[PDB]
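*Asks:* Got a structure for you, questions after.
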Amino acid sequence: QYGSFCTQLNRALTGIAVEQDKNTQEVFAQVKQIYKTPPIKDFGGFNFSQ
Amino acid sequence: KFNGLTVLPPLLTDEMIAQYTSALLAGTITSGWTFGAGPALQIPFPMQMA
Amino acid sequence: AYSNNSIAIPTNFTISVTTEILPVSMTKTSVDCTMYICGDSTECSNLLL
Ligand SMILES: *[C@@H]1O[C@H](CO)[C@@H](O[C@@H]2O[C@H](CO)[C@@H](O)[C@H](O)[C@H]2NC(C)=O)[C@H](O)[C@H]1NC(C)=O
Ligand SMILES: *[C@@H]1O[C@H](CO)[C@@H](O)[C@H](O)[C@H]1NC(C)=O
Ligand SMILES: *[C@@H]1O[C@H](CO)[C@@H](O)[C@H](O)[C@H]1NC(C)=O
């Protein structure tokens, strides 16, 4: 009988949970494919091994 | 893990977000920005700095 | 692959238009305690004040 105070917290709280998935999806998902570095890694001096 | 409290994992596992990071690093050194603006291209890195 | 003396120059172009959606305003609303918490009630209105 206290009302819908219970649900509003749950539904509102879940919004942040779904929000996090949308945050990461729009940060790292910037390419429509997958790229692999070439086997030989001669880059004219630069070392990317780090 | 207390009462009524729970935690859900991120959308992308760290083992997977590394996949996006690997692709972006692999695509940036082998195709400059060309992969972002269209298909990736073979522009070698030593001259890409130029 | 890679090559010290290699290049890449586009020989053609394609014009593209993309749509970006941005909200600029939301429905403005106003609420009144004198009518919300208490409805045309003298005793309730007196208690509220
Ligand atoms: C990795 O980057 C560094 C940049 O200098 C280089 O690795 C060095 O290689 C020399 C040659 O044996 C070593 O004495 C150094 O200890 C290495 N590290 C550093 C920090 O100097 C190299 O250009 C790149 N390639 C490799 C395989 O390390
Ligand atoms: C690039 O590397 C090749 C090795 O195949 C070398 O012959 C060439 O001289 C290098 N370019 C420059 C500008 O040093
Ligand atoms: C560029 O691409 C368009 C695509 O239809 C084509 O009609 C045009 O002939 C191309 N330009 C050249 C110089 O090939």
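Chain identifiers are assigned as A, B, and so on, following the order in which chains appear in the structure tokens; residues are numbered from 1 within each chain, and ligands are numbered from 1 in order of appearance.
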Residues of chain A that approach ligand 2 to 12 Å or less, counting only C-alpha atoms and all ligand atoms: could you list each one with the shortest pair of atoms and its distance in Å to one decimal, rows by chain and increasing residue number, as JSON lines?
*Replies:*
```
{"residue": "A:42", "atom": "CA", "partner": "ligand 2", "partner_atom_place_in_ligand_line": "2 (O)", "distance": 8.6}
{"residue": "A:43", "atom": "CA", "partner": "ligand 2", "partner_atom_place_in_ligand_line": "2 (O)", "distance": 9.0}
{"residue": "A:44", "atom": "CA", "partner": "ligand 2", "partner_atom_place_in_ligand_line": "1 (C)", "distance": 6.7}
{"residue": "A:45", "atom": "CA", "partner": "ligand 2", "partner_atom_place_in_ligand_line": "2 (O)", "distance": 10.0}
```
*Asks:* Save out the residues we just selected, N, CA, C and O atoms, as a tab-separated table (two decimals), in the first residue's frame.
*Replies:*
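To be explicit, this is the file written out as selection-v6.tsv:
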```tsv
chain	number	residue	atom	x	y	z
A	42	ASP	N	58.55	-4.72	-39.21
A	42	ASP	CA	59.54	-3.70	-39.53
A	42	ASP	C	58.80	-2.42	-39.88
A	42	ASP	O	58.17	-2.30	-40.94
A	43	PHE	N	58.83	-1.45	-38.97
A	43	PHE	CA	58.15	-0.17	-39.14
A	43	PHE	C	59.13	0.98	-39.34
A	43	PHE	O	58.84	2.11	-38.95
A	44	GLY	N	60.28	0.71	-39.95
A	44	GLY	CA	61.27	1.76	-40.17
A	44	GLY	C	61.83	2.35	-38.90
A	44	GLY	O	62.06	3.56	-38.83
A	45	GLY	N	62.07	1.51	-37.88
A	45	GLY	CA	62.69	1.97	-36.66
A	45	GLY	C	61.78	1.99	-35.46
A	45	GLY	O	62.19	1.63	-34.35
```
*Asks:* List as a Markdown table every residue of chain C that is in contact with chain A, defined as an atom at most 12 Å from one of its atoms (using only C-alpha atoms), together with the nearest atom pair and the distance in Å rounded to one decimal, sorted by chain and then rising number.
*Replies:*
```
| residue | atom | partner | partner_atom | distance |
| --- | --- | --- | --- | --- |
| C:1 | CA | A:38 | CA | 6.4 |
| C:2 | CA | A:43 | CA | 7.5 |
| C:3 | CA | A:43 | CA | 8.7 |
| C:4 | CA | A:44 | CA | 7.3 |
| C:5 | CA | A:44 | CA | 11.1 |
```
*Asks:* Set the distance at 8 Å and use only C-alpha atoms: which residues neighbour residue 7 (chain C) once local chain neighbours fewer than 2 positions away are removed? I'd like the list as a JSON list (two decimals) with N, CA and C atoms, in the first residue's frame.
*Replies:*
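For reference, selection_23.json as written:
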```
[["chain", "number", "residue", "atom", "x", "y", "z"],
["B", 43, "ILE", "N", 49.25, 1.87, -46.44],
["B", 43, "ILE", "CA", 50.18, 2.98, -46.47],
["B", 43, "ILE", "C", 51.22, 2.75, -45.38],
["B", 44, "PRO", "N", 52.46, 2.42, -45.73],
["B", 44, "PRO", "CA", 53.44, 2.01, -44.72],
["B", 44, "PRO", "C", 53.69, 3.11, -43.70],
["B", 47, "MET", "N", 56.40, 6.30, -43.85],
["B", 47, "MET", "CA", 55.97, 7.44, -44.64],
["B", 47, "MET", "C", 54.64, 8.01, -44.17],
["C", 5, "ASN", "N", 58.97, 3.23, -49.53],
["C", 5, "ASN", "CA", 58.68, 4.12, -50.66],
["C", 5, "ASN", "C", 57.30, 3.87, -51.25],
["C", 9, "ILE", "N", 47.02, 7.49, -52.60],
["C", 9, "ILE", "CA", 46.30, 8.72, -52.92],
["C", 9, "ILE", "C", 44.97, 8.37, -53.58]]
```
*Asks:* Taking only C-alpha atoms into account, produce a table as JSON lines in which each residue of chain B with an atom at most 12 Å from an atom of chain C appears once, together with its shortest atom pair and the distance in Å to one decimal, ordered by chain and rising number.
*Replies:*
```
{"residue": "B:26", "atom": "CA", "partner": "C:1", "partner_atom": "CA", "distance": 11.8}
{"residue": "B:27", "atom": "CA", "partner": "C:1", "partner_atom": "CA", "distance": 11.7}
{"residue": "B:29", "atom": "CA", "partner": "C:2", "partner_atom": "CA", "distance": 10.0}
{"residue": "B:30", "atom": "CA", "partner": "C:1", "partner_atom": "CA", "distance": 7.4}
{"residue": "B:31", "atom": "CA", "partner": "C:8", "partner_atom": "CA", "distance": 9.7}
{"residue": "B:32", "atom": "CA", "partner": "C:8", "partner_atom": "CA", "distance": 10.5}
{"residue": "B:33", "atom": "CA", "partner": "C:8", "partner_atom": "CA", "distance": 11.7}
{"residue": "B:34", "atom": "CA", "partner": "C:8", "partner_atom": "CA", "distance": 9.5}
{"residue": "B:37", "atom": "CA", "partner": "C:14", "partner_atom": "CA", "distance": 11.2}
{"residue": "B:38", "atom": "CA", "partner": "C:14", "partner_atom": "CA", "distance": 10.3}
{"residue": "B:39", "atom": "CA", "partner": "C:10", "partner_atom": "CA", "distance": 11.5}
{"residue": "B:40", "atom": "CA", "partner": "C:8", "partner_atom": "CA", "distance": 10.7}
{"residue": "B:41", "atom": "CA", "partner": "C:8", "partner_atom": "CA", "distance": 7.4}
{"residue": "B:42", "atom": "CA", "partner": "C:1", "partner_atom": "CA", "distance": 6.3}
{"residue": "B:43", "atom": "CA", "partner": "C:7", "partner_atom": "CA", "distance": 5.6}
{"residue": "B:44", "atom": "CA", "partner": "C:2", "partner_atom": "CA", "distance": 4.4}
{"residue": "B:45", "atom": "CA", "partner": "C:2", "partner_atom": "CA", "distance": 7.2}
{"residue": "B:46", "atom": "CA", "partner": "C:4", "partner_atom": "CA", "distance": 6.2}
{"residue": "B:47", "atom": "CA", "partner": "C:4", "partner_atom": "CA", "distance": 6.4}
{"residue": "B:48", "atom": "CA", "partner": "C:7", "partner_atom": "CA", "distance": 8.4}
{"residue": "B:49", "atom": "CA", "partner": "C:4", "partner_atom": "CA", "distance": 11.3}
{"residue": "B:50", "atom": "CA", "partner": "C:7", "partner_atom": "CA", "distance": 10.7}
```
*Asks:* Of the residues A:32, A:6, A:47, A:20, which is the one nearest to ligand 1, using only C-alpha atoms and all ligand atoms?
*Replies:*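 Closest residue, counting only C-alpha atoms and all ligand atoms: A:47.
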*Asks:* At a cut-off of 9 Å around ligand 3, and using only C-alpha atoms and all ligand atoms, what residues come up? Please write them as a ChimeraX atom specification.
*Replies:* /C:11-14
*Asks:* Would you save the residues of that selection, restricted to N, CA, C and O atoms, as a PDB file, in the first residue's frame?
*Replies:*
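The file below, again_22.pdb, is the result:
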```pdb
ATOM      1  N   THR C  11      41.887   8.418 -55.982  1.00  0.00           N
ATOM      2  CA  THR C  11      41.680   8.908 -57.337  1.00  0.00           C
ATOM      3  C   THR C  11      40.220   9.229 -57.621  1.00  0.00           C
ATOM      4  O   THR C  11      39.878   9.560 -58.761  1.00  0.00           O
ATOM      5  N   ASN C  12      39.357   9.139 -56.616  1.00  0.00           N
ATOM      6  CA  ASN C  12      37.938   9.404 -56.788  1.00  0.00           C
ATOM      7  C   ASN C  12      37.346   9.711 -55.422  1.00  0.00           C
ATOM      8  O   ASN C  12      37.931   9.385 -54.387  1.00  0.00           O
ATOM      9  N   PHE C  13      36.174  10.340 -55.430  1.00  0.00           N
ATOM     10  CA  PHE C  13      35.539  10.769 -54.196  1.00  0.00           C
ATOM     11  C   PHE C  13      34.060  10.417 -54.228  1.00  0.00           C
ATOM     12  O   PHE C  13      33.464  10.237 -55.292  1.00  0.00           O
ATOM     13  N   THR C  14      33.477  10.319 -53.037  1.00  0.00           N
ATOM     14  CA  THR C  14      32.049  10.085 -52.880  1.00  0.00           C
ATOM     15  C   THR C  14      31.517  11.045 -51.830  1.00  0.00           C
ATOM     16  O   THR C  14      32.039  11.095 -50.713  1.00  0.00           O
TER      17      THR C  14
END
```
*Asks:* At a cut-off of 7 Å, which residues of chain A touch chain B? Count only C-alpha atoms and give the answer as a PyMOL selection string.
*Replies:* chain A and resi 21+28-29+31+34-37+43-44
